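Shown next, in structure tokens, is the structure this report addresses.
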Amino acid sequence: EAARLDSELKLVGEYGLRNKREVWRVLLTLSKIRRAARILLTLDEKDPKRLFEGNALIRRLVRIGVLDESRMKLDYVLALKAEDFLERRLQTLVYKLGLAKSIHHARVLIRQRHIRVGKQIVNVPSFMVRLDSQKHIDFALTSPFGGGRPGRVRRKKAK
Amino acid sequence: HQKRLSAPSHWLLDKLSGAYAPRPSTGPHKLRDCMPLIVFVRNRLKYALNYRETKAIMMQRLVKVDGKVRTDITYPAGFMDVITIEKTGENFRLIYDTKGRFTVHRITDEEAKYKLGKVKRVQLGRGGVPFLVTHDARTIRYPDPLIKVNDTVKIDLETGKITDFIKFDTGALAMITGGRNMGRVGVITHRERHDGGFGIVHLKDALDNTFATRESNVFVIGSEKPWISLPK
Amino acid sequence: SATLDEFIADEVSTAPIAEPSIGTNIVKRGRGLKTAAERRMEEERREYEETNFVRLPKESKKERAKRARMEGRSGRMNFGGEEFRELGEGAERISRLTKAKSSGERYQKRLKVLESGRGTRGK
Amino acid sequence: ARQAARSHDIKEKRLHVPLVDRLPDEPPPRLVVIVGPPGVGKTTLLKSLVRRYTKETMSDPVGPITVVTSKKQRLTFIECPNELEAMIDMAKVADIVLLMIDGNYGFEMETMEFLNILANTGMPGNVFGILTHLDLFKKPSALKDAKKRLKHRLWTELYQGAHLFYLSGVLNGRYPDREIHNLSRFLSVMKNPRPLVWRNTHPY
RNA sequence: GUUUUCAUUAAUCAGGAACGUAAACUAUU
RNA sequence: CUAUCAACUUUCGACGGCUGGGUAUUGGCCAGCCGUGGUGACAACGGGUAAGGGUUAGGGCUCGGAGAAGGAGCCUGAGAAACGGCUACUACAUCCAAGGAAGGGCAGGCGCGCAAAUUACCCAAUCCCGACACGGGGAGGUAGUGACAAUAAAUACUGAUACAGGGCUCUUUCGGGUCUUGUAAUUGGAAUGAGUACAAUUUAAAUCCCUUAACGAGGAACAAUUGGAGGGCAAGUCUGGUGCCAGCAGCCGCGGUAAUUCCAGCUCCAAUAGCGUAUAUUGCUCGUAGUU
Ligand SMILES: Nc1nc2c(ncn2[C@@H]2O[C@H](COP(=O)(O)OP(=O)(O)OP(=O)(O)O)[C@@H](O)[C@H]2O)c(=O)[nH]1
Ligand SMILES: [Mg+2]
Numbered sequence: 018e019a020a021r022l023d024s025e026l027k028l029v030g031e032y033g034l035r036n037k038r039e040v041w042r043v044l045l046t047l048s049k050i051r052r053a054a055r056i057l058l059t060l061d062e063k064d065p066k067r068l069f070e071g072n073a074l075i076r077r078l079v080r081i082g083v084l085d086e087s088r089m090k091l092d093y094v095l096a097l098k099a100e101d102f103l104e105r106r107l108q109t110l111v112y113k114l115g116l117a118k119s120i121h122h123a124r125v126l127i128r129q130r131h132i133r134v135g136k137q138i139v140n141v142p143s144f145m146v147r148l149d150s151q152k153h154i155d156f157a158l159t160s161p162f163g164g165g166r167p168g169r170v171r172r173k174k175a176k
Numbered sequence: 008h009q010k011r012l013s014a015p016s017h018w019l020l021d022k023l024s025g026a027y028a029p030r031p032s033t034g035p036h037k038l039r040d041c042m043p044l045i046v047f048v049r050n051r052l053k054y055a056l057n058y059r060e061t062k063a064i065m066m067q068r069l070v071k072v073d074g075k076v077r078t079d080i081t082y083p084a085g086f087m088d089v090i091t092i093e094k095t096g097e098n099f100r101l102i103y104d105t106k107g108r109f110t111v112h113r114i115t116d117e118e119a120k121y122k123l124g125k126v127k128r129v130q131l132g133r134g135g136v137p138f139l140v141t142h143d144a145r146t147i148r149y150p151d152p153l154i155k156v157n158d159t160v161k162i163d164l165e166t167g168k169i170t171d172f173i174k175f176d177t178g179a180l181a182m183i184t185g186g187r188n189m190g191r192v193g194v195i196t197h198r199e200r201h202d203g204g205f206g207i208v209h210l211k212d213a214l215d216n217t218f219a220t221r222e223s224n225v226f227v228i229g230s231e232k233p234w235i236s237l238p239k
Numbered sequence: 228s229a230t231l232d233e234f235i236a237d238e239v240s241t242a243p244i245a246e247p248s249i250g251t252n253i254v255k256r257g258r259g260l261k262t263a264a265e266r267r268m269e270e271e272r273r274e275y276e277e278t279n280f281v282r283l284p285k286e287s288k289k290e291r292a293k294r295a296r297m298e299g300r301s302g303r304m305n306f307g308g309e310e311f312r313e314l315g316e317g318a319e320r321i322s323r324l325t326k327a328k329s330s360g361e362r363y364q365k366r367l368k369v370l371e372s373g374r375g376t377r378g379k
Numbered sequence: 040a041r042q043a044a045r046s047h048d049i050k051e052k053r054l055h056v057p058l059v060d061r062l063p064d065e066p067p068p069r070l071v072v073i074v075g076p077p078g079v080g081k082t083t084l085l086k087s088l089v090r091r092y093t094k095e096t097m098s099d100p101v102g103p104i105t106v107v108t109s110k111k112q113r114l115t116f117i118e119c120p121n122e123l124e125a126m127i128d129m130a131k132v133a134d135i136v137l138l139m140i141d142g143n144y145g146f147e148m149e150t151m152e153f154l155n156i157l158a159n160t161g162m163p164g165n166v167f168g169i170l171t172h173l174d175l176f177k178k179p180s181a182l183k184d185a186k187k188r189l190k191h192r193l194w195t196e197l198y199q200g201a202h203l204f205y206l207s208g209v210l211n212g213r214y215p216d217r218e219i220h221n222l223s224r225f226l227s228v229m230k231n232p233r234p235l236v237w238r239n240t241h242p243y
């Protein structure tokens, strides 16, 4: 349908994704989380199952940084979306932190091993960066934007 | 050649020693009430790494078990066998814990010299002589004439003679070595006969838990008198 | 008791929980994160290589057949650093635990308002 | 129902055109060609196969070599020389084909030429890819990469899922005995040749 | 209709039993 | 589980007790003597063949008859009625100088004429057997294949200048809507992993992994695919017919193959290391068993 095609094209364009399999992957994990939230809303308030399982779900989503720290209700967990998940991806986080000029530049950098998340370099652009780990995204020490060797085209030109 | 899970739960093996486990060779103590010397050396103490290293320890006269040199690797050493290593100058003793597993205890020569062994049976041997059989299958010729069944004996271990004995008593503290309440150091406070098989004792700990264990599974350790050093 | 044990350690018990330095629980250049259960296993493998310091075979074909089949019969998923457990029998124990865990000054005012004739009338 | 569906699909797979057999009761020796580019070791495989079968160390084996391999059937090995006239002469003759590929060097035009000459003239029953010069390798990751890419290109060339043997070394100037033993396990037990129309009408 | 009696005798039909030139416009309501 | 199984045992003694034999020992286990039993509607007996226990949050984990070509008999040893041997008979089958002599398994391929996972390496760990530290192990571990699935994601990123004036859209169409878009243009920057690869390391020896010096990108390449829809074309070919039209179509044209540089790489849609196709599909009354 044209609505599905235009929606998936807006996702693939707005966040520099490769195909629609990544969109369907995110929509599947989002539907799993939202199904768990609906099943926890089935029960009444102050049931211990709903209390502890909903607190676990909300603390998990706030810790992985999707759900905002302001709103912490299970209705907002139902109101979650795939734009929030693709915003929590690593590639859009490199683009928004401004190490790269565009989202396709960010995917290129993460593929050819320039950025690192915390200590180790990250080869995958779909790395779900958590909220505590959002700040420690920077260029690695072996990268010419970080330091070390001046690099490849630089070496061929400076010879 | 049993598997690591089919090995009993009281000589411990981690996720490390392969899927298989050594079987104890036939000897004084039983099969399911046993710690082999290889599990004592390289799986409990970790003075060794491999089977060949354990063999290179055992074959030279460096490990003595109950005061005699034990050469073969899977020699059974179940309960209260003093294990003297002279190059390290240590003597270990095997006791249990409150959960039901084997425990090792480091000690020197003064408590290493004697063994507290529970009498299995008294009889008249050949030559018209009374003899005494312990749980270590030690038979002592010409014993003291009051040492009856279920009494324990301080064996000399340099000559093997009797030195002292502790009587089966309601009011003497005891150690459990079997059953569903295994390894619980407490005091024998009651004993019920049940003639016709399988009599019991009722026993409480130091802090008021009564339970009924069988007179086979009991083991007398001392009235107060901890003649072996239970670990503090 | 899985969801209940994490509520005590983070909200109830006043003891700080060790967090890893950020890049350490990344498996293969980002291909997975090590969840706090899978990380705690990884020290247990490592803490067994200094005791008598014989090396290990990095899994085998018969363990990988088992543990990767455990994903086939479980509803767990690891969306980020955390685990997201299914709401089946793990949710019923939370109800199943909590049910066994739950198992002469007046007279003076009346005589003090019966003495005075009256205050007034309706305004 | 699905068992009936798979049974019907296999019953339609078993079918062919009803051509005439024209094989006698005492059949002639089946003809094994050893085809390949120059320098690949066709004569070396010939020496090694005849030592496996008849235990005779031939210092210079030429011509067709007939060999008893079973109590019912027997073979004959002919090594095609490096000339196209001999290759086109024997492609209409061959009963089973031993098609040699030169390992690290990859495929050659003589190999592809004989494959499509054979396919255009008449396809026999059994063609076995034999990949040699594997010992002229230094990295055993490059070795399995070359085996995988040569297997897939050969599968595209003749059919999917063929037999591609890997003959590693040259020990005594001959070949390894275990490798040529499994090669002869494959070319010893045999099935009747394909009913080709040219061979079933014209006497050669 | 009666200023009449026994008080479940009853309801339904497998099996079975008695009676035997044509067609052609069509809990209440 | 069953009464479309009510009698069963005494039909190899069926229940005893006495006496012995044999067994490692008890025992109708077997032999002599006699007594009258034994089980069963509380389900024996017969019939159907579809042959679990423990560890308890959970799942997991652990344990669980007959034959060595066919009957018959024998031998060793602590332990076998080993099937390891012998003997005879029976049935195959081999060598021979024709007098004689040795022998009885699994694995693999084909199972159409058309097909698809190694005849891989070692006891190095855990374990077992021996005169015994050394000798020997078909458990075990190591490696190879794999688009049946499943997992992550390369095939490019970013500027400047020059030039063109159109690009896009629709309900309503010889009409309306919106304002920056291009180009096979000219140039410049960087980034680099696939691959190549010295080593060291891993390991029984290797491989993989982790470390890693050195190379490694300009398209005419380090060469993305599978389907669907549509336009444009000749001194070409075919068919129809009240001239020039229409249709099907067209690798095929005058020459020319070292000749040609052409729509120069046609346009759009979908999925994209995956994708398509086929088929299956998703006459009336009375009256008994019975029923209410
Ligand atoms: N290392 C290595 N050398 C090989 C292999 N096969 C063949 N050779 C050598 O290559 C040489 C080629 O000899 P052949 O095999 O007779 O060549 P051929 O093509 O069979 O015979 P011609 O067609 O007459 O050349 C021999 O000297 C072999 O030793 C191989 O698998 N490995
Ligand atoms: Mg030749």
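Protein chains in written order, with PDB author numbering: chain Cg, 18 to 176; chain Cb, 8 to 239; chain CY, 228 to 330, 360 to 379; chain CI, 40 to 243. For every residue, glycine included, the Cβ atom is placed at its ideal position computed from N, Cα and C.
Query - Check: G308/CY C-beta below 8 Å from any heavy atom of ligand 1 - result: Start at 1 with the first residue of the third sequence, and residue 308/CY comes out as number 81. Incorrect: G308/CY has no Cβ contact closer than 8 Å to ligand 1.
Report task. Helix, strand or coil for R59/Cb, going by three-state DSSP, please let me know. Result -> Counting from 1 along the second sequence, the entry for residue 59/Cb is found at position 52. It is helical.
Query raised in the report: Under 9 Å between C-beta atoms, does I249/CY make it to chain Cg?
Result: If you number the third sequence from 1, residue 249/CY lands on position 22. Chain Cg, which has a Cβ nearer than 9 Å to the Cβ of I249/CY, makes this yes.
Query raised in the report: Relative to chain Cg, which residues along the segment 252-271 of chain CY have a C-beta separation below 7 Å, given in chain order?
Result: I253, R256, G257, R258
Query - Residue environment, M297/CY, which counts as buried when at least 16 other CB atoms sit within 10 Å - result: As a first step, residue 297/CY is located in the third sequence; it is residue number 70 there, counting from the start. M297/CY should be labelled exposed.
Query raised in the report: Does any C-beta atom of chain Cb lie closer than 9 Å to the C-beta of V239/CY?
Result: Your numbering for residue 239/CY matches position 12 in the third sequence. Not one chain Cb Cβ lies under 9 Å of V239/CY.
Requested in this report: Reducing DSSP to helix, strand and coil, say where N72/Cg ends up.
Outcome: Here residue 72/Cg corresponds to residue number 55 of the first sequence, with the count starting at 1. Correct three-state label for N72/Cg: helix.
Query raised in the report: Within the chosen definition, does the segment 129-144 of chain Cg reach the segment 101-115 of chain Cg through at least 3 CB pairs nearer than 8 Å?
Result: yes
Query raised in the report: Which of the residues in the segment 21-48 of chain Cb, read from start to end, lie with their CB under 8 Å from any CB of chain CY?
Result: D21, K22, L23
Query - Same chain only: Cβ atoms within 6 Å of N57/Cb, ignoring 5 sequence neighbours per side - result: On the second sequence, position 50 is the one that residue 57/Cb refers to. For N57/Cb, where only same-chain residues beyond five positions count, there are no Cβ hits under 6 Å.
Requested in this report: Mark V254/CY as exposed unless 16 or more other C-beta atoms lie within 10 angstroms of its C-beta, in which case mark it buried.
Outcome: Against the third sequence, residue 254/CY aligns to sequence position 27. Flag for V254/CY reads exposed.
Report task. Please indicate yes or no: does the CB of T115/CI lie closer than 8 Å to some heavy atom of ligand 2? Result -> Taking the fourth sequence and counting its residues from 1, the one referred to as residue 115/CI is at position 76. For ligand 2, not one heavy atom lies less than 8 Å from the Cβ of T115/CI.
Query raised in the report: Within 9 Å (strictly less), CB to CB, does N279/CY reach chain Cb?
Result: By 1-based counting over the third sequence, the position of residue 279/CY is 52. At least one chain Cb Cβ lies under 9 Å of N279/CY.
Query raised in the report: Touch check for the segment 82-102 of chain Cb and the segment 38-57 of chain Cb: three-plus C-beta pairs under 8 Å?
Result: yes
Query - Start and end residues, beta strand (DSSP E) containing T196/Cb - result: Counting from one through the second sequence, the residue named residue 196/Cb turns up at place 189. Start and end: 193-199.
Query raised in the report: Does any residue of chain Cg bring its CB to less than 9 Å from the CB of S301/CY?
Result: Position 74 of the third sequence, counting from 1, holds the residue named residue 301/CY. Taking Cβ atoms only, chain Cg never reaches closer than 9 Å to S301/CY, which makes this a no.
Query raised in the report: If you measure from the CB of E118/CI, is any heavy atom of ligand 3 nearer than 8 Å?
Result: Ligand 3 is absent from the structure shown, which contains only ligand 1 and ligand 2.
Query - Coarse secondary structure for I169/CI, derived from DSSP in three states - result: Your numbering for residue 169/CI matches position 130 in the fourth sequence. In this structure, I169/CI counts as strand in the three-state DSSP scheme.
Query raised in the report: Are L62/CI and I117/CI closer than 9 Å when you measure CB to CB?
Result: Taking the fourth sequence and counting its residues from 1, the one referred to as residue 62/CI is at position 23. Taking the fourth sequence and counting its residues from 1, the one referred to as residue 117/CI is at position 78. No, the Cβ-Cβ distance between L62/CI and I117/CI is not below 9 Å.
Query raised in the report: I81/Cg CB to nearest chain CY CB: under 9 Å?
Result: For this step, residue 81/Cg is matched to residue 64 along the first sequence. Interface residue, yes.
Report task. Indicate whether at least one CB of chain CY lies closer than 9 Å to the CB of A73/Cg. Result -> What you label residue 73/Cg is simply residue 56 of the first sequence in a count that begins at 1. Answer yes: the Cβ-Cβ gap between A73/Cg and chain CY drops below 9 Å somewhere.
Query raised in the report: To which residues of the same chain is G71/Cg closer than 6 Å at the C-beta, ignoring the five residues directly before and after it?
Result: For the purposes of this step, residue 71/Cg is taken as the residue at position 54 of the first sequence. Cβ neighbours of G71/Cg beyond the five flanking positions: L57, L91.
Query - Backbone CA spacing between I127/Cg and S48/Cg [nearest angstrom] - result: Within the first sequence, residue 127/Cg is the residue found at index 110, counting from 1. Within the first sequence, residue 48/Cg is the residue found at index 31, counting from 1. Between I127/Cg and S48/Cg, the C-alpha separation is close to 28 Å.
**Report entry** Cβ-based neighbour list, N188/Cb, same chain, cut-off 7 Å, excluding 5 preceding and 5 following
**Finding:** Numbered from its first residue, the second sequence carries residue 188/Cb at position 181. For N188/Cb, where only same-chain residues beyond five positions count, the Cβ hits under 7 Å are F218, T220.
Report task. Name, in chain order, the residues that DSSP records as bridge partners for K211/Cb. Result -> Here the question's residue 211/Cb lines up with position 204 in the second sequence. The partner list for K211/Cb (beta bridge, DSSP) reads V194/Cb, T217/Cb.
Report task. Identify the contact partners of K53/Cb in chain CY, using a Cβ-Cβ distance below 8 Å as the criterion. Result -> Position 46 of the second sequence, counting from 1, holds the residue named residue 53/Cb. Result: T278, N279.
**Report entry** Cross-chain neighbours of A318/CY in chain Cg, by beta carbon under 8 Å
**Finding:** Taking the third sequence and counting its residues from 1, the one referred to as residue 318/CY is at position 91. The contacting residues are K66, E70.
**Report entry** Residue-chain proximity (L57/Cg, chain CY), Cβ-Cβ < 9 Å
**Finding:** Residue 57/Cg sits at position 40 when you count from the first residue of the first sequence. True, the Cβ-Cβ gap to chain CY drops below 9 Å.
Query raised in the report: From residue 23/CI to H191/CI, what does the alpha carbon distance come to, in whole angstroms?
Result: No answer is possible for residue 23/CI: it lies beyond the span of chain CI, which begins at 40 and ends at 243.
**Report entry** Whether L85/CI touches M97/CI by CB criterion (9 Å)
**Finding:** Along the fourth sequence, one-based indexing puts residue 85/CI at 46. Along the fourth sequence, one-based indexing puts residue 97/CI at 58. Contact flag set, yes.
Report task. Under 8 Å by Cβ, that's how I've got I73/CI and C119/CI pegged, so tell me the actual separation to the nearest angstrom. Result -> Your numbering for residue 73/CI matches position 34 in the fourth sequence. Your numbering for residue 119/CI matches position 80 in the fourth sequence. Confirmed, Cβ separation roughly 7 Å.
Query raised in the report: Considering only the beta carbon of each residue, do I195/Cb and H201/Cb sit closer than 9 Å?
Result: On the second sequence, position 188 is the one that residue 195/Cb refers to. On the second sequence, position 194 is the one that residue 201/Cb refers to. It is not a contact, given that the beta carbons lie outside the stated cut-off.
Report task. Give the secondary structure of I104/CI by DSSP, where H, G and I count as helix, E and B as strand, and everything else as coil. Result -> Translated into the one-based positions of the fourth sequence, residue 104/CI becomes position 65. Strand, per DSSP.
Query raised in the report: Of all the alpha helix (DSSP H) runs that stay within the bounds of the segment 236-315 of chain CY, which reach a length of 4 or more residues?
Result: 263-273, 288-297
Query raised in the report: Counting along the chain, where does the alpha helix (DSSP H) carrying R68/Cb start and finish?
Result: Start at 1 with the first residue of the second sequence, and residue 68/Cb comes out as number 61. Looking at the DSSP string, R68/Cb is not in any alpha helix (DSSP H), and its letter there is neither H nor E.
Requested in this report: May I ask whether a heavy atom of ligand 2 can be found less than 8 Å away from the beta carbon of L85/CI?
Outcome: Locating residue 85/CI in the fourth sequence gives position 46, counting from the first residue. Yes, Cβ of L85/CI sits closer than 8 Å to a heavy atom of ligand 2.
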